[PDB]
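Q: I have a structure here, written as structure tokens, and I will follow up with some questions on it.
Positions of Cβ are generated from backbone atoms using ideal geometry, with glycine treated the same way; all protein chains shown enter the neighbour counts. Derivation of every value follows stated rules applied to the coordinates shown; laboratory data play no part.
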Amino acid sequence: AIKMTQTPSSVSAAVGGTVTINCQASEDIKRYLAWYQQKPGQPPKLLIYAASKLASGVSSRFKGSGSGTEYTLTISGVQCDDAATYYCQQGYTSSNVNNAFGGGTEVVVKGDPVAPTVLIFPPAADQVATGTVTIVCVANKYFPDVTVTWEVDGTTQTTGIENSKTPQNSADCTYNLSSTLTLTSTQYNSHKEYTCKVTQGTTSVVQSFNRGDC
Amino acid sequence: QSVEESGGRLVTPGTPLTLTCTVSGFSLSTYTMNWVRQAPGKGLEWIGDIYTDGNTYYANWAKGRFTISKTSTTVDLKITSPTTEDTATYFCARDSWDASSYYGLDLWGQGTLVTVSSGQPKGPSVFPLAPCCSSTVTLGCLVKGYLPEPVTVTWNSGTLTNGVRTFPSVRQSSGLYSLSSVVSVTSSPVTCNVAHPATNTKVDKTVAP
């Protein structure tokens, strides 16, 4: 089939820097090629058509080039508002296709660093009563990425953990993260101190509570 | 001109489902229409299209699994025998061509959500998040056990918006969804309003320090 191979799958750039994304077609697609930007929750937005022409209203910081089987999108003067997933797409044929789109490229924009604000929430009484509890730890407004470690009476947890990170903030590049630890009510009662540890670089921020004091 | 999709819903595997794309302000004798889907967190997948003249084309994986048809103002996508792999937001989008100039997919709908599961639709359980027992506080609510997506969460009926952070939902191993929302307030009644339209339900939980 006609195949679109988009690389790399992820790229990062400082604010003000340049991002380059490549698209390889398995057959000569003769510049019948478009580029899109997409942010979570929204449909994609056309940026470039006919390989190198700017769609209406799109900034000239976005540049399309290439021909035959090899195409490139360049983004200059990168801003937080550009943090998104980018897709190429061939409009050369609808026959013998598996996917008209490339696999996408996530662009991470490195803005001003910010240390996380961390909070821990013990499970409410109404949770304990269901047989299962979820302990919630949140890391708010941070950049670059952090690691979360959960500790129960000083033993590192390796199971029962789920992490959910927002997309980058389009104004300031920061993330928010929720991390949850889920245990049976019996398992939860089998221990005293519950700790969320959030590490950025080498700097750790810790929040804890004692099950008893709740 | 505009495009809008409808018909997405929770459906059991094997139950045929038809999606509809209604178009306004342009002709389907000028524009070609395309169906594109996207599973949560994943890339765009072209499903197929229907040209101005009526010729329909499907992606190789999609042949025999979908049928596309159109009238003068709508385009249908029928999903023949849904499987759990078909869970996704489905978009309708228009494209066109000039002499040698492919114009791209320039107009898209907001998408319609298809969820394929043998599970029954289920409303959320809502649990308060408060610090263990400065003058300002962050409170929250943990919303768990719902299907299908989405739920909406507001604070004090949308009047509290500053300092609100809602996290993306997470599918559980049960196949149910969870999300959480926190709000920072000055410690002066703070209520999270959780709506789940798919089960005709709304839950208000007043969160206590």
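Q: Can you find, among B:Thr67, B:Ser101, B:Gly111, the residue farthest towards the positive end of the dipole of segment B:2-118? Put +1 on the C-beta of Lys and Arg, -1 on that of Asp and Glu.
A: B:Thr67
Q: Sorted from fewest to most neighbouring beta carbons within 10 Å, what does the list A:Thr155, A:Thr130 look like? Walk me through the numbers on the way to the answer.
A: Details: A:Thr155 10, A:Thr130 14.
So the ranking, lowest neighbour count to highest, is A:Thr155, A:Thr130.
Q: Loop-only trypsin sites (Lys or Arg not before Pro) in segment A:180-214, please: DSSP not H, G, I, E or B, and at most 16 other Cβ atoms within 10 Å. Provide the component values of the computation, followed by the final result.
A: Details: sites: A:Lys192, A:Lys197, A:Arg211; in loops: A:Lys192.
Loop-located and lightly packed - A:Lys192.
Q: In addition: Could you give the size of the charge dipole of chain B about its Cα centre, using +1 on the Cβ of each K and R and -1 on the Cβ of each D and E, expressed in debye and rounded to the nearest 20?
A: Values: 14 positive and 13 negative charges, 153 e Å.
Here the size comes out at about 740 debye.
Q: Quick check: pseudo-label points 7 Å beyond the Cα along Cα→Cβ at B:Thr67 and A:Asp81, how many nm apart are they?
A: 4.7 nm
Q: Which value in Å is the Kirkwood Rh of segment B:87-152 over different Cα pairs?
A: On the way: mean 1/r = 0.0602 Å⁻¹.
Taking every pair of different Cα atoms in segment B:87-152, averaging 1/r and inverting gives 16.6 Å.
Q: In straight Cα distance, which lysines are under 26 Å from B:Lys122, not counting same-chain residues fewer than 8 positions off?
A: A:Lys165, B:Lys42, B:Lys78, B:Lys144, B:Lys202, B:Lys205
Q: Arrange A:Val97, A:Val19 by Cβ neighbour counts within 10 Å, fewest through most, would you?
A: Working: A:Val97 23, A:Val19 19.
Going from least to most buried by this count: A:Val19, A:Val97.
Q: Further question: Roughly how many nanometres apart are two label points built 7 Å out from the Cα toward the Cβ at B:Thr161 and B:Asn200?
A: Between B:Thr161 and B:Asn200, the label points sit 3.1 nm apart.
Q: In segment B:119-209, with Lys and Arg counted as +1 and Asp and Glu as -1 at Cβ, which of these residues, B:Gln120, B:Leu160, B:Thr199, has the Cα nearest the positive end of the dipole, that is, farthest along it?
A: The residue sitting most towards the positive pole is B:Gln120.
Q: Here is a follow-up. Treating the beta-carbon of each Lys and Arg as +1 and of each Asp and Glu as -1, no other charges, what is the dipole magnitude of segment A:112-214 about its Cα centre, to the nearest 20 debye? Display every interim value, and only then the final one.
A: Details: 5 positive and 9 negative charges, 11 e Å.
Magnitude of the dipole: close to 60 debye.
Q: Starting with the fewest neighbours, write out B:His196, A:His191 ranked by other beta-carbon atoms found within 10 Å of each beta-carbon.
A: Values: B:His196 22, A:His191 14.
Result, fewest neighbours first: A:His191, B:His196.
Q: Per DSSP H run of n ≥ 4, the term is -39500 (n - 2.57); total these for the protein assembly as shown, divide by its residue number, and report the mean residue ellipticity at 222 nm rounded to 500 deg cm²/dmol. Could you put the intermediate results ahead of the total?
A: Working: 2 runs with 9 residues, N = 423.
Only helices count here, giving -500 deg cm²/dmol.
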